[PDB]
Number of protein chains: 6
Amino acid sequence: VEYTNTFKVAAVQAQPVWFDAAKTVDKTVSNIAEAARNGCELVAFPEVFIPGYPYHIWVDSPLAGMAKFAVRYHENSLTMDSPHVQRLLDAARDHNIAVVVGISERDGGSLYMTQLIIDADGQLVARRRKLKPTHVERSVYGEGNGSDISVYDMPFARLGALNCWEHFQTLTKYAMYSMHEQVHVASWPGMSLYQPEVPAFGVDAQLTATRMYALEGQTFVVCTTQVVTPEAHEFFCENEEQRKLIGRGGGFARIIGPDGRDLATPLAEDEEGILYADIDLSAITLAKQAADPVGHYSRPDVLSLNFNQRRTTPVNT
Amino acid sequence: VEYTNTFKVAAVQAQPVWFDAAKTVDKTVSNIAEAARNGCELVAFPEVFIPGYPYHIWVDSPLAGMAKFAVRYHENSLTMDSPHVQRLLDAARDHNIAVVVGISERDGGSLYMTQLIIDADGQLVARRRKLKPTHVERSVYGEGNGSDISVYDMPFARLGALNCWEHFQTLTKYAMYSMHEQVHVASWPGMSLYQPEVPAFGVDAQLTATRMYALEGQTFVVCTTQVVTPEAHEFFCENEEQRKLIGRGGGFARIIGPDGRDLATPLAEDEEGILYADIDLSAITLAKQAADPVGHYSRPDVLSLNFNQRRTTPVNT
Amino acid sequence: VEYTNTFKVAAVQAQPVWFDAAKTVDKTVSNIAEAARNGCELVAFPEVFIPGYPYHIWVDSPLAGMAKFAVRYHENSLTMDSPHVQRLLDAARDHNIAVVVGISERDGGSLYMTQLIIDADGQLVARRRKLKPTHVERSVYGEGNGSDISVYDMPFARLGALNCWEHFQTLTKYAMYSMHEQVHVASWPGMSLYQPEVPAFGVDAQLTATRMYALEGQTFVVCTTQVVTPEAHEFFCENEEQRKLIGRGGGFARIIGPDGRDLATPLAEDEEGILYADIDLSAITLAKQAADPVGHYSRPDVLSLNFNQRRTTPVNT
Amino acid sequence: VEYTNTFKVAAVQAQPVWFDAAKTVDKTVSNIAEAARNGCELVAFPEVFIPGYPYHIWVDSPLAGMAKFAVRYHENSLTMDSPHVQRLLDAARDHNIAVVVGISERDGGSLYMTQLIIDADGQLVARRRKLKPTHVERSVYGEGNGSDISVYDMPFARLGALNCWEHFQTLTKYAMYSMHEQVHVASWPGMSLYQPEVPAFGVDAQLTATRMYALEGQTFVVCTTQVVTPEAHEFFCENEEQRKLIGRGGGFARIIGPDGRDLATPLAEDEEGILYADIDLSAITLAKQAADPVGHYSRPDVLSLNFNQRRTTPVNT
Amino acid sequence: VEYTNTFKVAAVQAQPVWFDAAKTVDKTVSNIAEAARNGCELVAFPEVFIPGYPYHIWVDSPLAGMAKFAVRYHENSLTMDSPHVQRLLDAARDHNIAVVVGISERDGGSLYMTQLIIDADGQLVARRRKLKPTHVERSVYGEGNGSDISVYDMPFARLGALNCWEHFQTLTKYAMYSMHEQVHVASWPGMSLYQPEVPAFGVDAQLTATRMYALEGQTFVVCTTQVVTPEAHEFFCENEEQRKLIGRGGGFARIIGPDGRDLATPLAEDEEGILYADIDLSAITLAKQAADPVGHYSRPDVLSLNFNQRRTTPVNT
Amino acid sequence: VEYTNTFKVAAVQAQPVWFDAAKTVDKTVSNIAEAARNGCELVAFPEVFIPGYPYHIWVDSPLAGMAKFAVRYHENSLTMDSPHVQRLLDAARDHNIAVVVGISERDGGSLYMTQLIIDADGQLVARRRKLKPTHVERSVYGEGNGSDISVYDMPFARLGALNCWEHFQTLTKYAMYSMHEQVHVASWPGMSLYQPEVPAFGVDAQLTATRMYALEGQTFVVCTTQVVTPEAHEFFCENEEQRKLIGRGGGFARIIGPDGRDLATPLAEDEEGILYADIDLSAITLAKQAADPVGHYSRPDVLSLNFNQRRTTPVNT
Ligand SMILES: *C(=O)c1ccccc1
Ligand SMILES: *C(=O)c1ccccc1
Ligand SMILES: *C(=O)c1ccccc1
Ligand SMILES: *C(=O)c1ccccc1
Ligand SMILES: *C(=O)c1ccccc1
Ligand SMILES: *C(=O)c1ccccc1
């Protein structure tokens, strides 16, 4: 609606205390506090940050993952009513900073790749779930609804957020453009899997996905990712073959403007930290002169989108 | 909600003092005391245990049952205000064991196939009536309503209870799954009726029902049953033909894990006793990796449940 | 509708030519001919029989499967208009036998766990896709929609077909009962994975699922299964460890009546053959005297089903 | 439909004889001949190559362009029945190479950014117009229909072609994926305008667009571009200010596989020539494992596309 | 199709020998000769020139016109096979000039406002009849046809011709633009009728109609008109009132470019003569940069034309 | 429908406070108040009046306009929910005068040339968008659809509105006539562009368009226009060359009757003010006698119009 505001955002390139919600929530709050001390109005965290990404489903067969990690991973997922979530809400309230942290929500016995949009006032704006996990990731997590695709009118800007390979979903992109994002939080895990063999998993592939999202939709993208450090190897890997599967590093946190140019100097693929940038929403009205997929540069008489935002439930009562 | 607690349960395979509430209540209390002595904190009892299952409706014409047993059976049914129910509550309190005993509740002139949920504190947690009695039981008993399908958050686990051939209701099972129960008490009568001719009434058929319930809903099932012993024959059977109808034995008390495997060595179809097993709720988070009907196998865009959990009464004041 | 007809049906317990469409189509046509000679009006084949079940997703990590089997499996999957499908239709026409063969349908670059239902006249009655794959099966197959849950009024009976753990989904089962299914074809793969340590995958668990389907819906279940033979070991696994993951045998094809009692002598778990039985629909009426989940023995005022059969498409046009 | 074929393709990074159809058609045929000598089954050329891109619309005001280049550009555009188009068809026939050349088609008194798709047999497979021009291009070109969004089944593969910022049209991309495009020709002009000021027009931005197209759709993208050679400066520019607006070079022709990795060594931005690669469609089925926007990785119950392929004309008669 | 030719045209503002075909054909041939001497490739003549426009329908009541002028005007109308038409064809052949002359064609007992189009070779290129006579001409003239709206590809340009208020036909004009005119001959009568009272009949109104035709379709409009000379008063008018009904002059012939600017200095409203101009078709491609109602500046998805070009005749054989 | 009402209208030849919504809305409200003091039932305002016309797209190259004016023009465009639009509604309600003011709508990140139709009751009758902008306007504005071509039954007459060079649209004209207009508001910008070089952009050409519209459709036309005064020169022009590109003046506000006669004395091309006239709808009934393009003087058996008036949306939900 309005493209005037100017503010500062933070993107977090960090690893979690693997499959330890209590330790990772402490790490998250410290990262929240650090960014707030820098005057940031929004801080974003990687995907499924709190318990950590379940790399065990990529490094070994399903039985190996199930036997050793499934119970531990499930036990460390956060229920929306858990105290850990309240700690994140309190942390955002105390430091007066909006937080977009990706958790592994637990609902009964199923897990979801949830993103918590926490306002600076400490309110939970939304807890959207990933519409569809990726490849073997579908054996761990369930699916979301069309209500999980939304854009929230935060006081500083209209905020949206998608998980990992939801940036390869062409129609999910358009639904988000149609709601007029101007700040997008893209959460990824450490994209160091199968690096020699599958280029699609390489940091290069996911940088085009994130850069194109900003370039295609004329939005600022706040890219946050995890890092596969040696601590990760001591957790998942059991031999040399598995260590090759999840290479080192894989973190590519970025801040990208509507023109696709990075607004913050990227960190190393293995280094952790936070990077900051100044967001001026007037930089979008400049980028929307050329292209606007949902506006002047669209042909609804030829191509249109059917978007269903109903919140379907297994039991409707 | 939480899948960490560990505890011990007991499944009762016993016969009652046929159509004798006072005598059977004593037998139940002794069984309650015996189970508590074994460290268990949940003892389940067969279906319509207190007065006993009314087999007379199966082994004779309706007039034979009405003329000889109806008044006796009705007179021995338990009203919720009767002293007998208080004895069961006191037994649970004194021995600090949760009791799930199926009784023949009496309300005015009608009977219901009630199940009493009693906690270690001696309070009546719930009193659920069978939603739909089996085809001939509908002459003896009334019908429950939506409020009778519920899952109760006991201190040790989320407990549910269903009666005979309520495990054949696809929608009732889904309602119970949707409420996230992890300990189920399946009350049965002696399933020896019409055994040669009607395979659906064999303990083999009812074992799949209980086993599938655990597998389908990833639940710990505590199956309890009545036994048709010779004492039963001297009560119901008046000739050789009726003895063939009522069969003999029929007890199949089990304790089934979320994977469908029995956690206790089953007794004989004619023997009596109490089973014991150790319940580790973490075993469910293993089972829910593979299946989760209300979680990640749900397709609410395709199939949903309308659950009307409102209690309806003949007079609404 | 009508429960008077009588006919003969066959359940195939066959192991395919692993990842070879042309070879397995020949094997299927040979099986079709054999059943027709025995006078069977319906022959059913295992799940994803034509190319064969992709056990490689269970034995090793995704990368091992993707690099070794993915392309071979994708290239051996049947397109609907492919000559292989036509050969199956021709075989059904020539031998005048209705066929229910589970193929790995290919649509573009995606695979679906389709079940082809072919009538005696050689027409493709149905092309249902699995509503949702199970665990890592989701990494290799897409999922169908509500139009895939249906029963088809064949000349001999009202036939429905589910495959694999679709029998663990209560809502899908009820939808099938609501459509008055009376002959059911339950396609399975060789259920021998993870036998010592994951009993939920053991043939014992999958036999209760199919048996309970007959009991709940009062239908004839023509259960068909693949077999994990030594040829499978030479194809998939290359270690002693992987040979344990993909166990031996796993076939449990059976014919189950509405009373839950088998109508054919079971083969061995490692034996490969065909089962036969005589179906008398009047047996269904006997079963429905006691239970009928969608009829006299239901509470639509308490529990109902929302069934959406819309045929969703990525592009509507 | 089939992902087995293998072939060789050529991408042209060429310089047009500005606003001279006859000479540029000669240069095209020589480029066509060179590719055929190397055994390429497909050679692609930049967008509006034959007359050349109208850079005058970007450098000066509309009146300056209209009074100087409009008539020259309009008179050098090819009608469909022109001798120049016949020469392109003859060259494709003679050299047995499929050609995808961008021309500025003339229809009456209007121009369109057309792409001619010519098979090895010398037939005009398709003549698609750009769905919507970009920014000030709309002052020199008209729009196409939904009939111009199509994928053509060439003998070697299913070929589709978009040009310029039709790769930023996210709904247009999905329509292409829905038709199972597997070889894509991306025609661009020399992307060197406003380089210091507008980064969205830089080759870096347009490489993420083409690379993301391959990743999203799992297709081979044959990116072909023009080059802003000093000859262009002598043609359009009249002073130093205009020479800055239309920067030098700007060519980024590339061949990239479904994994997003380049299959050919890129030339220099100012360099001119052709580059080659070997296309194996089996590489697509590897990419389809992880992502498939229109298949297994889609939620048609949530997001769908309305695609209108009607061929609308100003006069129906 | 081609916009490069250059040529010279003549617009005749002449008076007919009122209701005298033989003498008016002589006057036409002299005007044809004069234009050819000046090197004109096309000479156009007013509407219904050869017998002259029937002003008697306007001055007095129908009975007065019928009794005094109907038979004389009908007898002086030209048949297609008449010697007069042959003389016009011979004159065009001898002088090698294309002639567009308006006549009152006679077909049996009916008249039509025809426009003969004659090429330099003397052949009758076309014989088009007015689609609908304006207001009261409908009493003396019949309707035209859908085949009478056409554009003819003369050697010098694509020529079209419409009569009088046929320029107020929004749809007829569009049909002509769709056929890509670049030279239009607009034949008018002396527009001096009812001048004080009905301003819509003044030359001011008819000059905007012709000018806007050039502007909309970017065509050269060769406007030709008659003149109400005092000789006309001596023919039609018998009172002072009638001489007021048809004013004086009424001629407004001129040549208009696609920009709407006159290419020849207009004569006086009462003067007679010929107007000459040089037509450069390149002036159109310059005019079509801004507007093109049939090309880049049309919305066929919103508005389109149904053009029925069939030749309907009373007897179809 | 009814051709009897008589009322008074006002046409505005004004100048907006260039690219300032707040000050230009104040100027509009004063103009609205002034007209109502004269008893005018309708006041019309120029095209894209509220922020003003974006002349920067014509004077300089696209980069110069984008860098210097794009953000300013975008930021000063009115959102339909903005307070500025409410002020226009309040002004119409307060002064009880219908207002037809051309604004620059800002829907998300795109701009549209909209006509706001406001009734005397302060309600927003319609907000039609321009169907297709002209030449480089397409670089700054989007397109409307068929829902934007409509005639509104205002209490005083049937009113329609079209923007600059929608009066050169032959089919748009006919659609408007078919809906029985009798008051038309033609909004123009200051047509002082490229006056020496492009005659089509001069007020002479645009007066024929509006005048022909009245004559062709027999409707009252209320032409309103902006003025390029020295204030505009100090805003857009940066040197002498750019100062000639947008010449002084350009205002040609008129009120034209059904016969093409001007009902109000025109102002000077540089003068700024309002001009009034008295509208008698009976004057149309007199003009319909001669011509009626959609009625008695049409031939739908030959030429008819296809009008798709559906309201297309990028997301149809
Ligand atoms: C998406 O989140 C993803 C994660 C790991 C590999 C591929 C995709
Ligand atoms: C269930 O209670 C039941 C009892 C007797 C026969 C069948 C079912
Ligand atoms: C179903 O096909 C299935 C396969 C493997 C394990 C469980 C279920
Ligand atoms: C596309 O052709 C284009 C040209 C110039 C700038 C952006 C896109
Ligand atoms: C058209 O020919 C016409 C003639 C006279 C008056 C009006 C129109
Ligand atoms: C119409 O809006 C227009 C504007 C500028 C030049 C020509 C037409």
# chains A, B, ... in the order shown; residues from 1 in each chain; ligands from 1

$ residues_around --residues "residue 258 (chain E)" --least-positions-apart "3" --cutoff "10 Å" --atoms "only C-alpha atoms" --output "number ranges by chain"
E: 182-183, 211-221, 261-262, 281, 283-288; F: 199-200

$ closest_atom_pairs --of "chain F" --to "chain D" --cutoff "12 Å" --atoms "only C-alpha atoms" --output "tab-separated table"
residue	atom	partner	partner_atom	distance
F:55	CA	D:61	CA	11.3
F:56	CA	D:61	CA	9.6
F:57	CA	D:61	CA	7.9
F:58	CA	D:61	CA	6.2
F:59	CA	D:61	CA	6.1
F:60	CA	D:61	CA	4.8
F:61	CA	D:61	CA	4.5
F:62	CA	D:58	CA	6.2
F:63	CA	D:194	CA	7.2
F:64	CA	D:61	CA	9.6
F:65	CA	D:61	CA	10.0
F:66	CA	D:198	CA	9.6
F:67	CA	D:197	CA	8.4
F:68	CA	D:197	CA	11.9
F:132	CA	D:138	CA	10.7
F:133	CA	D:139	CA	9.7
F:134	CA	D:139	CA	7.8
F:135	CA	D:139	CA	4.4
F:136	CA	D:139	CA	5.3
F:137	CA	D:139	CA	8.2
F:138	CA	D:138	CA	6.2
F:139	CA	D:135	CA	4.3
F:140	CA	D:135	CA	7.6
F:141	CA	D:135	CA	9.7
F:142	CA	D:135	CA	10.7
F:143	CA	D:132	CA	11.6
F:170	CA	D:314	CA	11.4
F:171	CA	D:314	CA	9.6
F:193	CA	D:63	CA	9.4
F:194	CA	D:63	CA	7.2
F:195	CA	D:63	CA	10.7
F:196	CA	D:63	CA	11.0
F:197	CA	D:63	CA	8.3
F:198	CA	D:63	CA	8.5
F:201	CA	D:63	CA	11.5
F:241	CA	D:61	CA	11.0
F:242	CA	D:61	CA	9.6
F:244	CA	D:63	CA	11.5
F:245	CA	D:63	CA	8.4
F:246	CA	D:63	CA	11.2
F:301	CA	D:317	CA	11.8
F:302	CA	D:317	CA	9.7
F:303	CA	D:317	CA	9.3
F:304	CA	D:317	CA	10.0
F:305	CA	D:315	CA	9.4
F:306	CA	D:316	CA	9.2
F:307	CA	D:314	CA	11.5
F:308	CA	D:312	CA	11.8
F:312	CA	D:306	CA	11.3
F:313	CA	D:306	CA	10.9
F:314	CA	D:171	CA	9.7
F:315	CA	D:305	CA	9.4
F:316	CA	D:306	CA	8.9
F:317	CA	D:303	CA	8.9

$ residues_around --residues "residue 184 (chain C)" --least-positions-apart "5" --cutoff "12 Å" --atoms "only C-alpha atoms" --output "NGL selection string"
:C and (9-11 or 42-44 or 100 or 117 or 150-154 or 157-163 or 167 or 173 or 176-177 or 210-211 or 213-215 or 217-224 or 254-258 or 279)

$ write_last_selection --atoms "C-alpha atoms" --output "JSON list (two decimals), in the first residue's frame"
[["chain", "number", "residue", "atom", "x", "y", "z"],
["C", 9, "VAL", "CA", -11.76, -64.15, -8.40],
["C", 10, "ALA", "CA", -7.98, -64.52, -8.33],
["C", 11, "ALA", "CA", -5.31, -62.84, -6.21],
["C", 42, "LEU", "CA", -11.34, -60.86, -11.81],
["C", 43, "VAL", "CA", -7.56, -61.09, -11.42],
["C", 44, "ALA", "CA", -5.77, -58.60, -9.16],
["C", 100, "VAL", "CA", -6.92, -54.64, -11.51],
["C", 117, "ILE", "CA", -9.06, -51.13, -13.40],
["C", 150, "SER", "CA", -14.36, -44.31, -5.96],
["C", 151, "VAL", "CA", -16.05, -47.66, -6.47],
["C", 152, "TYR", "CA", -16.90, -48.89, -9.95],
["C", 153, "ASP", "CA", -20.02, -50.88, -10.85],
["C", 154, "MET", "CA", -18.45, -53.78, -12.69],
["C", 157, "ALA", "CA", -19.98, -56.54, -8.51],
["C", 158, "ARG", "CA", -19.33, -53.02, -7.26],
["C", 159, "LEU", "CA", -15.54, -52.98, -7.23],
["C", 160, "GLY", "CA", -13.23, -50.62, -5.38],
["C", 161, "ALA", "CA", -9.46, -50.63, -5.15],
["C", 162, "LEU", "CA", -7.06, -49.21, -2.57],
["C", 163, "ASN", "CA", -3.36, -49.98, -2.37],
["C", 167, "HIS", "CA", -6.13, -49.18, 4.41],
["C", 173, "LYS", "CA", -12.21, -46.41, 4.17],
["C", 176, "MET", "CA", -15.46, -46.38, 0.22],
["C", 177, "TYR", "CA", -18.05, -47.96, 2.51],
["C", 210, "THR", "CA", -6.86, -56.03, 5.18],
["C", 211, "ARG", "CA", -8.85, -58.36, 7.42],
["C", 213, "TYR", "CA", -11.25, -53.78, 6.04],
["C", 214, "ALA", "CA", -13.44, -56.78, 5.23],
["C", 215, "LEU", "CA", -14.95, -56.74, 8.72],
["C", 217, "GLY", "CA", -17.12, -52.70, 5.37],
["C", 218, "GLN", "CA", -18.48, -56.24, 5.02],
["C", 219, "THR", "CA", -16.72, -56.73, 1.70],
["C", 220, "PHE", "CA", -14.63, -59.33, -0.07],
["C", 221, "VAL", "CA", -10.97, -58.29, 0.02],
["C", 222, "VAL", "CA", -8.82, -59.63, -2.82],
["C", 223, "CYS", "CA", -5.44, -58.93, -1.26],
["C", 224, "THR", "CA", -2.49, -59.18, -3.64],
["C", 254, "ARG", "CA", -5.19, -63.64, 0.41],
["C", 255, "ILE", "CA", -8.92, -63.64, -0.27],
["C", 256, "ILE", "CA", -10.99, -62.55, 2.73],
["C", 257, "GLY", "CA", -14.75, -62.72, 3.11],
["C", 258, "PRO", "CA", -16.99, -60.22, 4.83],
["C", 279, "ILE", "CA", -17.37, -65.15, -4.22]]

$ atom_distance --atom1 "CA of residue 251 (chain F)" --atom2 "CA of residue 226 (chain F)"
5.6 Å

$ atom_distance --atom1 "CA of residue 87 (chain D)" --atom2 "CA of residue 5 (chain E)"
24.4 Å

$ residues_around --residues "residue 252 (chain A)" --least-positions-apart "4" --cutoff "9 Å" --atoms "only C-alpha atoms" --output "ChimeraX atom specification"
/A:13,188,190-191,203-204,206-207,223-227,266-270

$ write_last_selection --atoms "N, CA and C atoms" --output "mmCIF file, in the first residue's frame"
data_model
loop_
_atom_site.group_PDB
_atom_site.id
_atom_site.type_symbol
_atom_site.label_atom_id
_atom_site.label_comp_id
_atom_site.auth_asym_id
_atom_site.auth_seq_id
_atom_site.Cartn_x
_atom_site.Cartn_y
_atom_site.Cartn_z
ATOM 1 N N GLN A 13 22.875 -16.020 10.096
ATOM 2 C CA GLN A 13 23.531 -17.215 9.575
ATOM 3 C C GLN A 13 24.144 -17.914 10.783
ATOM 4 N N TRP A 188 16.332 -20.977 4.912
ATOM 5 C CA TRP A 188 16.917 -22.166 4.317
ATOM 6 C C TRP A 188 17.671 -22.939 5.381
ATOM 7 N N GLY A 190 21.260 -25.454 6.010
ATOM 8 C CA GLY A 190 22.573 -25.479 5.405
ATOM 9 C C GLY A 190 22.539 -26.263 4.112
ATOM 10 N N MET A 191 22.630 -25.568 2.982
ATOM 11 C CA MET A 191 22.482 -26.205 1.674
ATOM 12 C C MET A 191 23.845 -26.707 1.198
ATOM 13 N N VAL A 203 24.655 -24.020 -2.873
ATOM 14 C CA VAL A 203 24.370 -22.642 -2.487
ATOM 15 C C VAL A 203 24.147 -21.769 -3.709
ATOM 16 N N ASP A 204 24.794 -22.098 -4.827
ATOM 17 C CA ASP A 204 24.589 -21.327 -6.046
ATOM 18 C C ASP A 204 23.153 -21.449 -6.538
ATOM 19 N N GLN A 206 20.421 -22.112 -4.801
ATOM 20 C CA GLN A 206 19.460 -21.464 -3.918
ATOM 21 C C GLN A 206 19.681 -19.963 -3.838
ATOM 22 N N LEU A 207 20.813 -19.470 -4.334
ATOM 23 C CA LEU A 207 21.001 -18.026 -4.402
ATOM 24 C C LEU A 207 20.236 -17.432 -5.573
ATOM 25 N N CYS A 223 17.412 -13.284 3.516
ATOM 26 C CA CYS A 223 17.729 -14.701 3.424
ATOM 27 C C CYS A 223 18.523 -15.124 4.650
ATOM 28 N N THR A 224 17.998 -16.096 5.385
ATOM 29 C CA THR A 224 18.656 -16.647 6.559
ATOM 30 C C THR A 224 18.826 -18.143 6.372
ATOM 31 N N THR A 225 19.995 -18.656 6.744
ATOM 32 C CA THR A 225 20.313 -20.055 6.520
ATOM 33 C C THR A 225 21.070 -20.607 7.715
ATOM 34 N N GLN A 226 21.036 -21.927 7.850
ATOM 35 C CA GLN A 226 21.861 -22.620 8.822
ATOM 36 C C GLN A 226 23.226 -22.928 8.219
ATOM 37 N N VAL A 227 24.143 -23.366 9.072
ATOM 38 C CA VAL A 227 25.498 -23.708 8.664
ATOM 39 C C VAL A 227 25.806 -25.115 9.150
ATOM 40 N N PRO A 266 28.116 -10.487 2.104
ATOM 41 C CA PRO A 266 27.849 -11.842 2.590
ATOM 42 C C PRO A 266 28.975 -12.377 3.458
ATOM 43 N N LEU A 267 28.605 -13.260 4.380
ATOM 44 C CA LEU A 267 29.572 -13.952 5.214
ATOM 45 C C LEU A 267 30.178 -15.118 4.440
ATOM 46 N N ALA A 268 31.100 -15.830 5.080
ATOM 47 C CA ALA A 268 31.654 -17.027 4.474
ATOM 48 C C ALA A 268 30.641 -18.164 4.538
ATOM 49 N N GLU A 269 30.796 -19.123 3.626
ATOM 50 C CA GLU A 269 29.866 -20.244 3.581
ATOM 51 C C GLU A 269 29.919 -21.084 4.848
ATOM 52 N N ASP A 270 30.978 -20.949 5.649
ATOM 53 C CA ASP A 270 31.112 -21.695 6.890
ATOM 54 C C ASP A 270 31.020 -20.830 8.136
#

$ select_by_dssp --residues "region 49-243 of chain C" --states "helix (DSSP H, G or I)" --output "PyMOL selection string"
chain C and resi 56-59+62-75+83-95+135-139+146-148+164-168+170-178+199-201+203-217+230-235+240-243

$ closest_residue --among "A:50, A:310, A:22, A:297" --to "ligand 4" --atoms "only C-alpha atoms and all ligand atoms"
A:297

$ atom_distance --atom1 "CA of residue 29 (chain D)" --atom2 "atom 1 (C, counted along the ligand's line) of ligand 4"
24.3 Å

$ select_by_dssp --residues "region 66-315 of chain F" --states "strand (DSSP E or B)" --output "number ranges by chain"
F: 78, 98-107, 110-118, 124-126, 129, 152-153, 158-162, 183-188, 192-193, 202, 220-226, 228, 246, 249, 254-256, 262, 273-280, 303-307, 315

$ residues_around --residues "region 228-234 of chain C" --least-positions-apart "6" --cutoff "7 Å" --atoms "only C-alpha atoms" --output "PDB file with N, CA, C and O atoms, in the first residue's frame"
ATOM      1  N   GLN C  15       6.221 -61.653  -8.177  1.00  0.00           N
ATOM      2  CA  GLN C  15       7.373 -60.773  -8.090  1.00  0.00           C
ATOM      3  C   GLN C  15       7.742 -60.330  -9.496  1.00  0.00           C
ATOM      4  O   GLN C  15       7.946 -61.188 -10.367  1.00  0.00           O
ATOM      5  N   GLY C 190       5.858 -56.193  -1.409  1.00  0.00           N
ATOM      6  CA  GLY C 190       6.409 -57.191  -0.518  1.00  0.00           C
ATOM      7  C   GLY C 190       6.739 -56.571   0.820  1.00  0.00           C
ATOM      8  O   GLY C 190       7.702 -55.809   0.936  1.00  0.00           O
ATOM      9  N   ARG C 243      20.880 -56.163   2.843  1.00  0.00           N
ATOM     10  CA  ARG C 243      20.091 -57.373   2.653  1.00  0.00           C
ATOM     11  C   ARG C 243      19.173 -57.628   3.840  1.00  0.00           C
ATOM     12  O   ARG C 243      18.124 -58.263   3.686  1.00  0.00           O
ATOM     13  N   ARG C 248      13.444 -60.957   3.280  1.00  0.00           N
ATOM     14  CA  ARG C 248      13.089 -61.959   2.289  1.00  0.00           C
ATOM     15  C   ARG C 248      11.616 -62.331   2.402  1.00  0.00           C
ATOM     16  O   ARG C 248      11.054 -62.400   3.497  1.00  0.00           O
ATOM     17  N   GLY C 249      11.001 -62.571   1.262  1.00  0.00           N
ATOM     18  CA  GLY C 249       9.607 -63.004   1.217  1.00  0.00           C
ATOM     19  C   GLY C 249       8.656 -61.816   1.160  1.00  0.00           C
ATOM     20  O   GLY C 249       8.696 -61.040   0.214  1.00  0.00           O
ATOM     21  N   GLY C 250       7.802 -61.694   2.172  1.00  0.00           N
ATOM     22  CA  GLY C 250       6.924 -60.555   2.305  1.00  0.00           C
ATOM     23  C   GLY C 250       5.574 -60.692   1.637  1.00  0.00           C
ATOM     24  O   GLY C 250       4.725 -59.814   1.821  1.00  0.00           O
ATOM     25  N   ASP C 270       7.336 -66.596   0.959  1.00  0.00           N
ATOM     26  CA  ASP C 270       8.308 -66.564  -0.124  1.00  0.00           C
ATOM     27  C   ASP C 270       7.817 -67.272  -1.377  1.00  0.00           C
ATOM     28  O   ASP C 270       8.501 -67.228  -2.403  1.00  0.00           O
TER      29      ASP C 270
END
